[PDB]
């Protein structure tokens, strides 16, 4: 996979799209429907702090996770079970993350989350997202566009 540096990641980010093979996890009220707000890491990006909101009732419930980087490039963190995440694609203003969540009940969910410093993907990036989901055995019909309900950063 692709490494990230503090200079690349530090700052505000938002979630544009999430797609997952267990749709309940990323649809409204899902445990993994994370509206990014900010990322920050230090030296070598060993310790990656991600601040995000989930919507709970009508309100913003803010969360922070700290991912720990490992030699294989994955970060781990606890959140609604155990997560293993890494970078599948990156540009200066868009990151595609792949996450595997193993929930407390043992259910495994594969996720692609698109984080951005802008509000939209272009058409090429949308097709790339679809191709990646296929490659990762994730149904594209589960795709969630978060922009229209992202109200916790403004």
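Residue numbers count along the first chain shown, from 1.
Participant: Mean C-alpha B factor from the entry: is it higher for 42-50 or for 27-35?
Facilitator: Of 27-35 and 42-50, the stretch with the higher C-alpha B-factor average is 42-50.
Participant: Between 133-141 and 7-15, which has the larger average Cα B-factor in the PDB entry?
Facilitator: Between 133-141 and 7-15, it is 133-141.
Participant: Using only the C-alpha B-factors in the record, can you name which of 61, 64, 127, 99 has the highest?
Facilitator: Checking the PDB record, the top C-alpha B-factor among 61, 64, 127, 99 is at 127.
Participant: So where's residue 88 on the chain's Cα temperature factor ranking, which third?
Facilitator: Tercile = middle for this residue's CA B-factor.
Participant: Sorting by Cα B-factor within the chain, modelled residues only, which third would residue 94 end up in: lowest, middle or highest?
Facilitator: Its C-alpha B-factor, which the entry lists for residue 94, ranks in the middle third among residues of this chain.
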